[PDB]
Structures are given as C-alpha cells and as structure tokens.
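Comments concern the structure below.
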Amino acid sequence: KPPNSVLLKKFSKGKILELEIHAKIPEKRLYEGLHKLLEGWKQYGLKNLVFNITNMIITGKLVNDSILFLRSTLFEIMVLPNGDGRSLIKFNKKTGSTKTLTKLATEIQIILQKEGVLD
C-alpha cells in the first residue's frame with residue numbers, strides 16, 4: 001500500500017495545512033462519518049460539497065456574506081491511514097483564508113472528540 005505522502009498527491013493545487021487530526025477508527029469508517037457530518041452541516045456556511053470515497057477526498061466551499069469581494073475558501077479534505085485501526089485527516093486550501101479553513105478543522109476535531117473517535 002502506498003505511503004501517505006504519495007496519497008496526498010491526489011489533492012489539487014493548494015496549500016496543504018500542516019495540522020493533522022488523528023482518529024482511533026480506520027480510514028473508511030472515519031470518511032463515512034465525515035461525509036455524514038458535513039453533508040448535514042450546510043448551516044455551518046458550507047456549499048458545493050462533493051464526496052468521493054474511492055479517493056477518500058471531500059471538496060467544498062466555506063462561504064460568507066462579503067458584499068463586494070469574494071472571500072470564500074475553497075478546500076479539500078483527505079482521510080489517510082495512520083496505522084492499524086487508525087486514520088488521520090489532512091486539509092488543503094485551494095483559495096481564501098487559512099484561518100477560516102483551520103476553524104473548520106478545529107470544529108471537526110471537536111466533534112470527533114465528542115463522538116469518542118479522536119486519538
């Protein structure tokens with residue numbers, strides 16, 4: 001099986017954030033839950049969500065009410081293996097704000113802990 005550094009090549013051009021979220025469930029189960037989580041979180045300020053389990057990637061847009069300048073943050077999320085029964089999450093910022101994308105990561109991490117799946 002290929003290393004994570006190779007799997008990460010599936011991300012589009014962008015800035016891969018240094019942060020990692022570690023889960024104590026395997027990647028397929030983590031991905032399915034993230035899919036359920038985000039598809040049901042449009043009220044967060046999320047649009048254009050696209051899911052692809054075959055590559056473990058989620059793509060989408062963080063929006064906001066800027067009236068003049070477009071300030072949306074286009075992003076990708078990838079779920080990767082992290083050892084037997086474990087996985088991790090990486091974030092890729094295609095456009096927009098690193099802080100905004102990081103806020104999303106933080107909110108996801110919080111949910112994972114409340115659900116008892118954070119490593």
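Identifiers in this document derive from the order of the structure tokens: chains are assigned A, B, ..., residues are numbered from 1 separately in each chain, and ligands are numbered from 1 in order of occurrence.
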
Residue contacts of residue 76 (chain A) (9 Å, only C-alpha atoms) excluding same-chain residues fewer than 3 positions away, as a list in words =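 My reading of the contact set: residues 11, 12, 57, 58, 59, 60, 61, 90, 91, 92, 93 and 94 of chain A.
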
Based on the selection just made, write N, CA, C and O atoms of those residues as a PDB file, in the first residue's frame.
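Once everything was written out, this is part-v8.pdb:
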ATOM      1  N   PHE A  11      -4.608  15.546  -3.899  1.00  0.00           N
ATOM      2  CA  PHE A  11      -5.107  16.915  -3.678  1.00  0.00           C
ATOM      3  C   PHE A  11      -4.822  17.793  -4.907  1.00  0.00           C
ATOM      4  O   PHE A  11      -3.780  17.620  -5.578  1.00  0.00           O
ATOM      5  N   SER A  12      -5.706  18.757  -5.172  1.00  0.00           N
ATOM      6  CA  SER A  12      -5.477  19.783  -6.186  1.00  0.00           C
ATOM      7  C   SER A  12      -4.399  20.735  -5.742  1.00  0.00           C
ATOM      8  O   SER A  12      -3.985  20.719  -4.586  1.00  0.00           O
ATOM      9  N   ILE A  57     -11.502  11.712  -0.526  1.00  0.00           N
ATOM     10  CA  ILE A  57     -11.417  13.165  -0.550  1.00  0.00           C
ATOM     11  C   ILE A  57     -12.806  13.774  -0.462  1.00  0.00           C
ATOM     12  O   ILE A  57     -13.760  13.242  -1.027  1.00  0.00           O
ATOM     13  N   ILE A  58     -12.917  14.885   0.255  1.00  0.00           N
ATOM     14  CA  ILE A  58     -14.118  15.713   0.251  1.00  0.00           C
ATOM     15  C   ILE A  58     -13.717  17.099  -0.233  1.00  0.00           C
ATOM     16  O   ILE A  58     -12.693  17.633   0.197  1.00  0.00           O
ATOM     17  N   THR A  59     -14.486  17.661  -1.158  1.00  0.00           N
ATOM     18  CA  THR A  59     -14.213  19.024  -1.622  1.00  0.00           C
ATOM     19  C   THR A  59     -15.412  19.919  -1.315  1.00  0.00           C
ATOM     20  O   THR A  59     -16.536  19.441  -1.189  1.00  0.00           O
ATOM     21  N   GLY A  60     -15.175  21.208  -1.144  1.00  0.00           N
ATOM     22  CA  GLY A  60     -16.267  22.106  -0.823  1.00  0.00           C
ATOM     23  C   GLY A  60     -15.821  23.542  -0.697  1.00  0.00           C
ATOM     24  O   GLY A  60     -14.657  23.865  -0.929  1.00  0.00           O
ATOM     25  N   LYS A  61     -16.762  24.402  -0.326  1.00  0.00           N
ATOM     26  CA  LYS A  61     -16.514  25.823  -0.229  1.00  0.00           C
ATOM     27  C   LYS A  61     -17.066  26.342   1.098  1.00  0.00           C
ATOM     28  O   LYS A  61     -18.215  26.037   1.478  1.00  0.00           O
ATOM     29  N   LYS A  90      -6.186  15.307   6.686  1.00  0.00           N
ATOM     30  CA  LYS A  90      -5.432  16.440   6.159  1.00  0.00           C
ATOM     31  C   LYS A  90      -6.350  17.403   5.413  1.00  0.00           C
ATOM     32  O   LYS A  90      -7.373  17.003   4.847  1.00  0.00           O
ATOM     33  N   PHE A  91      -5.962  18.678   5.429  1.00  0.00           N
ATOM     34  CA  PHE A  91      -6.726  19.761   4.816  1.00  0.00           C
ATOM     35  C   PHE A  91      -5.912  20.480   3.765  1.00  0.00           C
ATOM     36  O   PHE A  91      -4.734  20.772   3.974  1.00  0.00           O
ATOM     37  N   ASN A  92      -6.563  20.810   2.654  1.00  0.00           N
ATOM     38  CA  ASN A  92      -5.902  21.503   1.557  1.00  0.00           C
ATOM     39  C   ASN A  92      -6.679  22.751   1.248  1.00  0.00           C
ATOM     40  O   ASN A  92      -7.866  22.677   0.933  1.00  0.00           O
ATOM     41  N   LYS A  93      -6.018  23.898   1.338  1.00  0.00           N
ATOM     42  CA  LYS A  93      -6.642  25.159   0.964  1.00  0.00           C
ATOM     43  C   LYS A  93      -6.310  25.545  -0.479  1.00  0.00           C
ATOM     44  O   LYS A  93      -5.158  25.882  -0.798  1.00  0.00           O
ATOM     45  N   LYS A  94      -7.327  25.529  -1.340  1.00  0.00           N
ATOM     46  CA  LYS A  94      -7.147  25.943  -2.728  1.00  0.00           C
ATOM     47  C   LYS A  94      -7.170  27.468  -2.865  1.00  0.00           C
ATOM     48  O   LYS A  94      -6.350  28.050  -3.604  1.00  0.00           O
TER      49      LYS A  94
END

Filtered DSSP result for chain A, state helix (DSSP H, G or I), as an NGL selection string | :A and (4-10 or 27-39 or 42-44 or 98-114)

Restrict the selected residues to C-alpha atoms and save them as a compact mmCIF listing (two decimals), in the first residue's frame.
# COMPACT_ATOMS: atom_id res chain seq x y z
CA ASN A 4 0.54 8.98 2.76
CA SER A 5 2.94 11.39 1.04
CA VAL A 6 2.00 9.72 -2.26
CA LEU A 7 -1.74 9.61 -1.47
CA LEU A 8 -1.56 13.36 -0.79
CA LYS A 9 -0.73 13.88 -4.48
CA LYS A 10 -4.47 13.43 -5.10
CA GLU A 27 -10.00 5.45 7.37
CA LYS A 28 -13.18 4.05 5.70
CA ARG A 29 -15.23 4.49 8.90
CA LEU A 30 -13.78 7.97 9.51
CA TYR A 31 -14.55 9.02 5.92
CA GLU A 32 -18.15 7.75 6.04
CA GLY A 33 -18.74 9.69 9.26
CA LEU A 34 -17.16 12.86 7.88
CA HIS A 35 -19.38 12.51 4.82
CA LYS A 36 -22.48 12.25 7.03
CA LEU A 37 -21.25 15.07 9.23
CA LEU A 38 -20.52 17.63 6.51
CA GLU A 39 -23.45 16.88 4.19
CA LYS A 42 -24.54 23.25 5.32
CA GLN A 43 -25.69 25.66 8.03
CA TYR A 44 -22.03 25.97 9.04
CA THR A 98 -6.13 29.70 6.21
CA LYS A 99 -7.74 30.84 9.49
CA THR A 100 -11.21 30.04 8.13
CA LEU A 101 -10.20 26.58 6.92
CA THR A 102 -8.42 26.00 10.23
CA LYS A 103 -11.61 26.94 12.10
CA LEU A 104 -13.40 24.18 10.18
CA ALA A 105 -10.67 21.70 11.10
CA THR A 106 -10.99 22.71 14.74
CA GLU A 107 -14.77 22.27 14.69
CA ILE A 108 -14.41 18.83 13.11
CA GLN A 109 -11.82 17.81 15.74
CA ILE A 110 -14.20 18.92 18.50
CA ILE A 111 -16.98 16.80 17.02
CA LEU A 112 -14.68 13.78 16.73
CA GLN A 113 -13.79 14.08 20.42
CA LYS A 114 -17.42 14.38 21.49

Among region 2-85 of chain A, which residues carry a DSSP assignment of strand (DSSP E or B), reported as a ChimeraX atom specification?
-> /A:15-16,21-23,46-52,57-62,73-81

In Å, with one decimal, what is the gap from CA of residue 55 (chain A) to CA of residue 79 (chain A)?
-> 8.6 Å

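Among the candidates A:24, A:71, A:86, A:15, the one nearest to residue 117 (chain A) when counting only C-alpha atoms is A:24.
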
Identify which of the residues A:118, A:49, A:62, A:77 lies closest to residue 16 (chain A), counting only C-alpha atoms when measuring atom-to-atom distances.
->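 Checking each of A:118, A:49, A:62, A:77 against residue 16 (chain A), counting only C-alpha atoms, the winner is A:77.
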
Give me the residues within 12 Å of residue 69 (chain A) as a PyMOL selection string, counting only C-alpha atoms and dropping any in the same chain fewer than 5 places off.
-> chain A and resi 63-64+96

Got a sec: who's within 8 Å of residue 95 (chain A), counting only C-alpha atoms, leaving out chain neighbours fewer than 2 positions off, as number ranges by chain?
-> A: 14, 72-75, 93, 97
